[PDB]
Amino acid sequence: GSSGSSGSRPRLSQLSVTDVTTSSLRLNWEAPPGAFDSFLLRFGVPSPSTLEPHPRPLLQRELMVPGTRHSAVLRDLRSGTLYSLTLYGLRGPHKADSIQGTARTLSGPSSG
């Protein structure tokens, strides 16, 4: 009772967040050689579908890091807030893989 699937392909590793700063943090993912050309990290504010969206426009951004480099540092983040990160293993023209890494920033001396 099985179809059968065997194919070697480069995949991303457990994306964890270290040095979680009050309004910043750091990422670290393991990937094999010649896996992807670059890495596109997209960090957006996770909003609940149960509640209504805020009338305030939130600009989105991303980081650009080569395969040889597996790091990502986000700045200008909210305090004590959970951000939804998602890295993409650009294998060239289009993204090949995509991992999800969650992290909660620290709550320090900040203002509104």
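Residues numbered from 1 in each chain as written, not as in the entry; some residues may be left out. Heavy atoms only, no water.

If you look the chain up in the PDB entry, it shows as Tenascin-X from Homo sapiens. The deposited PDB record carries the title "Solution structure of the 31st fibronectin type III domain of the human tenascin X".

Enquirer: Help me out: how do you make sense of unusual backbone geometry in this one?
Expert: In most cases, non-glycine residues show a negative phi, while peptide bonds are predominantly trans. Positive phi values are uncommon outside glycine, yet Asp-19 reaches one of about 60°. Within the element layout of this structure, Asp-19 appears in the loop between strand 1 (16–18) and strand 2 (25–28). Judged by relative accessible area, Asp-19 falls into the exposed class, the value being 52%. At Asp-76, a residue that is not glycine, the phi angle is positive and equals roughly 60°. Of note, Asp-76 is situated in the loop between strand 5 (71–74) and strand 6 (82–90). A relative accessible area of 65% means that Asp-76 is categorised as exposed. (Helix = DSSP H or I, 4+ residues; strand = E, 2+ residues; numbered from the N terminus. Buried < 20%, exposed > 50% of the residue type's maximum accessible area, 1.4 Å probe, protein only.)

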